[PDB]
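As structure tokens, the structure follows; a few thoughts come after it.
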Amino acid sequence: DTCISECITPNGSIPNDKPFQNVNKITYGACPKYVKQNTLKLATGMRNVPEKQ
Amino acid sequence: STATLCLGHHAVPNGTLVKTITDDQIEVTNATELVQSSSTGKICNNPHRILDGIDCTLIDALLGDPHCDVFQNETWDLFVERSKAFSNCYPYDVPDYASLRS
Amino acid sequence: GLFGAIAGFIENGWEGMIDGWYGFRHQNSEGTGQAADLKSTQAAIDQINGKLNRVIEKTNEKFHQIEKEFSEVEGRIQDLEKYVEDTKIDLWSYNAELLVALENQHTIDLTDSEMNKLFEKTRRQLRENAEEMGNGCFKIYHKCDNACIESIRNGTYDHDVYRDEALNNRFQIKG
Amino acid sequence: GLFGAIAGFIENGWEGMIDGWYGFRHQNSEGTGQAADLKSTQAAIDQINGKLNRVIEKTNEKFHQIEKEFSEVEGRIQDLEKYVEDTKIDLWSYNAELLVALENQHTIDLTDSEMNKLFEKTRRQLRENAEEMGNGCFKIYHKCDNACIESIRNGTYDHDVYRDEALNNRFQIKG
Amino acid sequence: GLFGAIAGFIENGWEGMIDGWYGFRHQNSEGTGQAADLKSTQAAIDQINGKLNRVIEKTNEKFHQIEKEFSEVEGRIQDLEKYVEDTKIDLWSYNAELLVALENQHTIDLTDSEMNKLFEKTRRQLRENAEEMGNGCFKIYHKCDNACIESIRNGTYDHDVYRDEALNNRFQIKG
Ligand SMILES: *[C@@H]1O[C@H](CO)[C@@H](O[C@@H]2O[C@H](CO)[C@@H](O)[C@H](O)[C@H]2NC(C)=O)[C@H](O)[C@H]1NC(C)=O
Ligand SMILES: *[C@H]1O[C@H](CO)[C@@H](O)[C@H](O)[C@H]1NC(C)=O
Ligand SMILES: *[C@H]1O[C@H](CO)[C@@H](O)[C@H](O)[C@H]1NC(C)=O
Ligand SMILES: *[C@H]1O[C@H](CO)[C@@H](O)[C@H](O)[C@H]1NC(C)=O
């Protein structure tokens with residue numbers, strides 16, 4: 001298709017913004033590292049302690 | 001007479017659970033995903049020169065199988081080969097085909 | 001976290017404070033009020049953003065590598081070709097997992113630290129004019145109107161000005 | 001560790017305290033006594049156990065891989081087959097070594113933190129009724145029988161009840 | 001760092017203190033003076049040196065490996081031979097980068113901790129004889145000549161000896 005994407009994987013292009021990717025181990029161009037995990041949340045804030053107590 | 005100042009920190013109605021060194025799942029206020037798990041499904045034709053093999057495989061474009069003659073002198077950054085591409089010229093084989101292709 | 005302020009001596013957090021991450025709440029003779037601290041808030045935000053940069057958008061660029069999927073059974077080489085890649089993916093998966101763990105432990109202990117820092121900044125400003133309740137609150141032993149409360153919030157509170165008053169109440173007589 | 005409580009301002013530890021990891025020891029008019037704190041003890045235990053889970057029992061499962069021992073000299077491929085495995089083992093050995101190092105530094109600083117937290121929890125309960133000796137002990141300036149000592153241990157100590165008494169002794173006159 | 005002492009409540013540092021990493025500066029009736037603390041200085045130096053050993057001079061020894069440069073185009077094997085090495089170098093480069101990052105964050109938070117520890121050691125020695133200004137300085141409320149200042153520096157300061165004097169000034173009357 002007509003669009004821009006550095007990272008191409010057999011599954012179609014994928015955005016190379018995040019550090020890792022779980023789409024395909026086969027990649028071409030500027031791509032994130034392939035890892036077995038599907039989700040990896042980087043905390044970007046303090047603990048969340050509601051008025052639960 | 002007296003006053004009362006109380007230090008505190010914000011919170012949110014909906015945190016996100018994150019893994020740490022000691023807690024497998026603990027609730028932070030916000031967090032981002034470091035793993036990309038989705039594709040658009042299409043291959044962007046830019047900024048890389050994507051040359052689509054269509055009914056041909058690089059090897060046949062190389063040897064000049066007639067249905068592939070359309071690739072004579074082609075260049076590419078990424079040559080894409082399709083799953084049902086076929087050869088329709090003299091039957092042949094390439095001892096160590098993977099290396100010639102590579 | 002390591003500092004015992006957030007999810008420790010500070011009971012819970014304020015969903016109400018939406019203009020900052022850290023701040024104050026107070027009650028004096030005339031009323032109550034609240035306001036976010038920008039400094040501590042930016043320290044936290046800044047450190048987390050720095051950390052976020054190192055991780056985010058730093059991709060390598062690789063072009064022609066080895067093959068990773070196979071049509072026919074081959075043996076010795078494809079075994080090796082598969083072992084190399086498989087080995088690579090597990091070491092990278094270890095890398096990702098550990099980074100998020102260490103990063104997250106670190107962000108939590110860090111933001112804990114910034115709460116507590118604010119607390120000690122304020123504790124030190126208040127000199128002998130206030131005593132700590134231990135739930136994150138200081139009991140100011142003298143009249144402190146909203147302007148007084150603000151002077152503290154923006155670090156210009158002069159404790160000599162209210163010393164005698166404070167001392168007196170902190171050490172009143174049964175008489 | 002980072003907190004300067006264990007192997008710092010707290011001289012040494014109690015081999016005698018066998019019902020907890022952290023606790024108290026006291027001496028009042030009638031005698032001496034000792035008792036473990038459960039809360040801090042569980043925080044420490046809980047964090048270390050969490051950490052212990054992430055590491056322990058999480059093995060991959062691998063079946064047919066490459067060969068790793070050889071009967072005859074072969075050359076190019078066996079070199080590569082050996083290099084792949086050797087390379088893998090060193091990166092994994094780096095992984096293990098570093099994890100134990102970071103984990104251990106972390107467990108030590110953590111448990112240091114929990115001691116100190118207890119200390120600040122107690123310091124804050126005692127308000128103006130006690131002064132710190134600096135060896136982990138508070139000198140309670142008022143009569144505190146074992147029931148009084150316990151109220152502190154279980155956080156129900158009301159400092160208003162003993163304020164005037166305490167203040168008086170902390171600030172006695174040469175008369 | 002995590003402790004808020006260095007590049008926090010302690011404004012800036014002394015290029016003038018060249019006999020130690022941490023120390024004191026004072027002003028009494030007769031003058032001013034300065035002197036480095038050896039203990040904290042050695043704790044910092046010692047930890048950093050330990051850390052430095054683990055990293056430095058610990059090289060593996062490898063002899064015959066695989067080839068890594070090639071004269072002719074070959075295909076399948078050289079691809080793999082190149083992929084193995086390339087893969088190895090990136091995982092090792094990740095290893096180096098991360099180690100320096102974690103190590104440096106750690107050295108900074110650590111040395112922060114040692115400053116603050118000194119501060120709390122001194123704060124605790126001074127009992128009710130001094131009040132904290134909040135810029136790293138204690139205002140000693142009693143006459144303290146250089147010998148007095150030294151007793152503090154070498155931890156032999158007896159606060160009972162100067163209590164009544166101190167208390168009096170900390171709590172003077174407008175009369
Ligand atoms: C990307 O494409 C691959 C195939 O190219 C998909 O992986 C296969 O999908 C199913 C379900 O996940 C499995 O039974 C197959 O064995 C998988 N093959 C491999 C090699 O993993 C993959 O799931 C696709 N993913 C996305 C997000 O598009
Ligand atoms: C005093 O604190 C900050 C310092 O920059 C200032 O911007 C703030 O607005 C001041 N407070 C008020 C009410 O002006
Ligand atoms: C007060 O503290 C705890 C709170 O659960 C309680 O179980 C404990 O036994 C109390 N102390 C005594 C002597 O009852
Ligand atoms: C008291 O402190 C140390 C303890 O070893 C000692 O070496 C130092 O020189 C003493 N101070 C003086 C001036 O002697």
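Letters A, B, ... mark the chains of the structure tokens in the order given; residue numbers begin at 1 per chain; ligand numbers begin at 1, in order shown.
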Practice task
Could the residues of chain C within 8 Å of chain A, counting only C-alpha atoms, be given as a PyMOL selection string, please?
Solution key: chain C and resi 6-7+11-15+48+52+55-64+68+89-90+92-93+96-97+100+103-104+107-108+111-112
Residue subset to file, keeping N, CA and C atoms, as a short mmCIF file (atom, residue, chain, number, x, y, z; two decimals), in the first residue's frame:
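What landed in result.cif:
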```cif
data_model
loop_
_atom_site.label_atom_id
_atom_site.label_comp_id
_atom_site.auth_asym_id
_atom_site.auth_seq_id
_atom_site.Cartn_x
_atom_site.Cartn_y
_atom_site.Cartn_z
N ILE C 6 4.56 7.42 50.16
CA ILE C 6 3.40 7.02 49.36
C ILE C 6 3.09 5.55 49.70
N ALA C 7 1.85 5.25 50.06
CA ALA C 7 1.45 3.88 50.45
C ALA C 7 2.31 3.51 51.65
N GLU C 11 -1.52 7.99 54.04
CA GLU C 11 -2.67 7.11 53.87
C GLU C 11 -3.09 6.69 52.47
N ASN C 12 -3.57 7.67 51.70
CA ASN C 12 -4.03 7.43 50.35
C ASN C 12 -3.74 8.68 49.51
N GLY C 13 -4.20 8.69 48.27
CA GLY C 13 -3.94 9.83 47.41
C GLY C 13 -5.17 10.62 47.00
N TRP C 14 -4.94 11.82 46.48
CA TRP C 14 -6.01 12.70 46.04
C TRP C 14 -6.37 12.68 44.56
N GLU C 15 -7.50 12.06 44.25
CA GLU C 15 -7.99 12.03 42.87
C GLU C 15 -8.43 13.46 42.55
N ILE C 48 11.13 10.46 35.05
CA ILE C 48 10.39 9.44 34.32
C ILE C 48 10.50 9.69 32.81
N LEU C 52 12.09 7.29 30.12
CA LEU C 52 11.22 6.97 28.99
C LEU C 52 11.96 7.17 27.65
N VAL C 55 14.58 4.31 26.85
CA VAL C 55 13.90 3.13 26.33
C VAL C 55 13.30 3.37 24.95
N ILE C 56 12.34 4.29 24.87
CA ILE C 56 11.63 4.57 23.64
C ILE C 56 12.37 5.11 22.42
N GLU C 57 11.89 4.68 21.25
CA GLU C 57 12.45 5.09 19.96
C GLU C 57 13.98 5.01 19.87
N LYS C 58 14.55 3.82 19.93
CA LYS C 58 16.01 3.68 19.85
C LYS C 58 16.39 2.46 19.01
N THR C 59 15.46 2.06 18.14
CA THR C 59 15.62 0.89 17.29
C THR C 59 16.87 0.78 16.42
N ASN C 60 17.38 -0.44 16.34
CA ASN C 60 18.53 -0.76 15.51
C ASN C 60 17.96 -0.77 14.09
N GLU C 61 18.81 -1.01 13.12
CA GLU C 61 18.36 -1.14 11.76
C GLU C 61 19.11 -2.36 11.26
N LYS C 62 18.36 -3.35 10.82
CA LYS C 62 18.96 -4.58 10.30
C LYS C 62 18.33 -4.80 8.90
N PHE C 63 19.08 -5.36 7.98
CA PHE C 63 18.55 -5.61 6.66
C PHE C 63 18.56 -7.09 6.33
N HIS C 64 19.51 -7.58 5.55
CA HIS C 64 19.49 -9.01 5.22
C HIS C 64 20.12 -9.80 6.35
N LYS C 68 14.26 -17.68 8.70
CA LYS C 68 13.75 -18.14 9.98
C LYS C 68 12.55 -19.05 9.89
N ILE C 89 16.04 -14.75 20.61
CA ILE C 89 14.77 -14.26 21.14
C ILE C 89 14.61 -14.44 22.66
N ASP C 90 15.05 -15.56 23.22
CA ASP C 90 14.94 -15.73 24.67
C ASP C 90 15.84 -14.74 25.44
N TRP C 92 16.74 -11.84 24.43
CA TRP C 92 16.07 -10.53 24.29
C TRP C 92 14.80 -10.49 25.17
N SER C 93 14.06 -11.60 25.27
CA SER C 93 12.88 -11.58 26.10
C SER C 93 13.31 -11.43 27.55
N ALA C 96 13.95 -7.70 28.07
CA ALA C 96 12.76 -6.87 28.20
C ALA C 96 12.11 -7.03 29.54
N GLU C 97 11.86 -8.26 29.93
CA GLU C 97 11.23 -8.53 31.20
C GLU C 97 11.97 -7.84 32.35
N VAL C 100 11.76 -3.86 32.46
CA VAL C 100 10.51 -3.32 32.99
C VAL C 100 10.46 -3.53 34.51
N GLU C 103 13.04 -1.12 35.97
CA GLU C 103 12.54 0.25 35.71
C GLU C 103 11.37 0.61 36.63
N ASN C 104 10.38 -0.28 36.72
CA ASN C 104 9.21 -0.04 37.54
C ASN C 104 9.46 0.04 39.01
N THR C 107 10.95 3.50 39.33
CA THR C 107 10.01 4.62 39.22
C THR C 107 9.20 4.76 40.49
N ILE C 108 8.77 3.64 41.07
CA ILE C 108 7.99 3.64 42.30
C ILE C 108 8.81 4.17 43.47
N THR C 111 9.40 8.06 42.82
CA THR C 111 8.29 8.95 43.12
C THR C 111 8.00 8.96 44.62
N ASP C 112 8.38 7.88 45.32
CA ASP C 112 8.15 7.78 46.77
C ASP C 112 9.05 8.83 47.35
#
```
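For residue B:51, the non-local neighbours within 10 Å, defined as residues at least 5 positions apart in the same chain or in other chains and counting only C-alpha atoms, are residues 45, 71, 74, 75, 76, 77, 78, 79, 80 and 81 of chain B.
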Practice task
Could you report the residues within 8 Å of ligand 1, using only C-alpha atoms and all ligand atoms, as a ChimeraX atom specification?
Solution key: /A:10-12,22-25 /B:37-39,41 /C:69
Using only N, CA, C and O atoms, please write the residues we just selected to a file, as a PDB file, in the first residue's frame.
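Wrote it out as out29.pdb, contents follow:
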```pdb
ATOM      1  N   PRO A  10       6.635  -9.536   7.737  1.00  0.00           N
ATOM      2  CA  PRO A  10       5.768 -10.306   6.848  1.00  0.00           C
ATOM      3  C   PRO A  10       4.279 -10.103   7.101  1.00  0.00           C
ATOM      4  O   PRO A  10       3.465 -10.351   6.233  1.00  0.00           O
ATOM      5  N   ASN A  11       3.931  -9.672   8.304  1.00  0.00           N
ATOM      6  CA  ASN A  11       2.533  -9.446   8.700  1.00  0.00           C
ATOM      7  C   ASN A  11       2.021  -8.090   8.244  1.00  0.00           C
ATOM      8  O   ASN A  11       0.906  -7.709   8.565  1.00  0.00           O
ATOM      9  N   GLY A  12       2.886  -7.336   7.586  1.00  0.00           N
ATOM     10  CA  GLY A  12       2.570  -5.989   7.156  1.00  0.00           C
ATOM     11  C   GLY A  12       3.523  -5.067   7.928  1.00  0.00           C
ATOM     12  O   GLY A  12       4.285  -5.545   8.778  1.00  0.00           O
ATOM     13  N   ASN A  22       6.014  -7.935  19.092  1.00  0.00           N
ATOM     14  CA  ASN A  22       5.644  -9.337  19.196  1.00  0.00           C
ATOM     15  C   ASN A  22       4.906  -9.772  17.937  1.00  0.00           C
ATOM     16  O   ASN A  22       4.184 -10.754  17.947  1.00  0.00           O
ATOM     17  N   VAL A  23       5.138  -9.076  16.832  1.00  0.00           N
ATOM     18  CA  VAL A  23       4.459  -9.396  15.629  1.00  0.00           C
ATOM     19  C   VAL A  23       5.077 -10.535  14.899  1.00  0.00           C
ATOM     20  O   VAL A  23       4.401 -11.521  14.626  1.00  0.00           O
ATOM     21  N   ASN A  24       6.356 -10.434  14.576  1.00  0.00           N
ATOM     22  CA  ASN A  24       7.028 -11.514  13.814  1.00  0.00           C
ATOM     23  C   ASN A  24       8.520 -11.441  14.061  1.00  0.00           C
ATOM     24  O   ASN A  24       9.062 -10.360  14.340  1.00  0.00           O
ATOM     25  N   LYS A  25       9.203 -12.573  14.017  1.00  0.00           N
ATOM     26  CA  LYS A  25      10.616 -12.511  14.309  1.00  0.00           C
ATOM     27  C   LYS A  25      11.377 -12.116  13.105  1.00  0.00           C
ATOM     28  O   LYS A  25      12.553 -11.822  13.183  1.00  0.00           O
TER      29      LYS A  25
ATOM     30  N   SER B  37       2.265  -4.998  19.155  1.00  0.00           N
ATOM     31  CA  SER B  37       1.688  -6.258  18.752  1.00  0.00           C
ATOM     32  C   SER B  37       0.724  -6.180  17.608  1.00  0.00           C
ATOM     33  O   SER B  37       0.015  -7.151  17.348  1.00  0.00           O
ATOM     34  N   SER B  38       0.745  -5.094  16.849  1.00  0.00           N
ATOM     35  CA  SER B  38      -0.223  -4.976  15.781  1.00  0.00           C
ATOM     36  C   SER B  38       0.410  -4.421  14.564  1.00  0.00           C
ATOM     37  O   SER B  38       1.288  -3.565  14.664  1.00  0.00           O
ATOM     38  N   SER B  39      -0.159  -4.819  13.431  1.00  0.00           N
ATOM     39  CA  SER B  39       0.268  -4.418  12.101  1.00  0.00           C
ATOM     40  C   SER B  39      -0.976  -3.891  11.423  1.00  0.00           C
ATOM     41  O   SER B  39      -2.082  -4.169  11.864  1.00  0.00           O
ATOM     42  N   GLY B  41      -1.386  -4.555   8.311  1.00  0.00           N
ATOM     43  CA  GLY B  41      -1.671  -5.650   7.419  1.00  0.00           C
ATOM     44  C   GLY B  41      -1.094  -5.390   6.049  1.00  0.00           C
ATOM     45  O   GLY B  41      -0.877  -6.329   5.273  1.00  0.00           O
TER      46      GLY B  41
ATOM     47  N   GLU C  69      12.071 -19.304   8.674  1.00  0.00           N
ATOM     48  CA  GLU C  69      10.941 -20.204   8.485  1.00  0.00           C
ATOM     49  C   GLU C  69      11.372 -21.123   7.392  1.00  0.00           C
ATOM     50  O   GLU C  69      12.167 -20.730   6.532  1.00  0.00           O
TER      51      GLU C  69
END
```
Give me the residues within 6 Å of stretch 115-129 of chain C as a CSV table (one decimal) with N, CA, C and O atoms, in the first residue's frame, counting only C-alpha atoms and dropping any in the same chain fewer than 3 places off.
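Written out: out_26.csv:
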```
chain,number,residue,atom,x,y,z
C,5,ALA,N,6.7,6.9,52.2
C,5,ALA,CA,5.8,8.0,52.2
C,5,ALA,C,4.5,7.6,51.5
C,5,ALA,O,3.4,7.5,52.1
C,112,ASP,N,8.4,7.9,45.3
C,112,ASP,CA,8.1,7.8,46.8
C,112,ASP,C,9.0,8.8,47.4
C,112,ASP,O,8.6,9.7,48.1
C,141,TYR,N,1.2,25.4,65.0
C,141,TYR,CA,0.8,26.0,66.2
C,141,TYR,C,0.7,27.5,66.3
C,141,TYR,O,1.3,28.1,67.2
C,166,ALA,N,4.0,30.4,68.1
C,166,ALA,CA,4.0,29.0,67.9
C,166,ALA,C,4.5,28.3,69.2
C,166,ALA,O,3.7,27.5,69.8
E,134,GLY,N,18.3,23.9,57.5
E,134,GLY,CA,17.7,23.4,56.3
E,134,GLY,C,18.5,23.5,55.0
E,134,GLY,O,18.0,23.1,53.9
```
Practice task
Write down, as a PyMOL selection string, each residue of chain C that has any atom within 7 Å of an atom of chain E, counting only C-alpha atoms.
Solution key: chain C and resi 65-66+81+84+110+113+117+124
Handout entry: Spatial neighbours of residue D:26, 10 Å, only C-alpha atoms, chain gap at least 2 places, as a PyMOL selection string
Key = chain D and resi 24+28+31-35+137-139+144-146+149
Practice task
Output the neighbourhood of ligand 2 as JSON, numbers by chain, that is, all protein and nucleic acid residues with some atom at most 9 Å from the ligand, counting only C-alpha atoms and all ligand atoms.
Solution key: {"C": [147, 150, 151, 153, 154, 155, 156]}
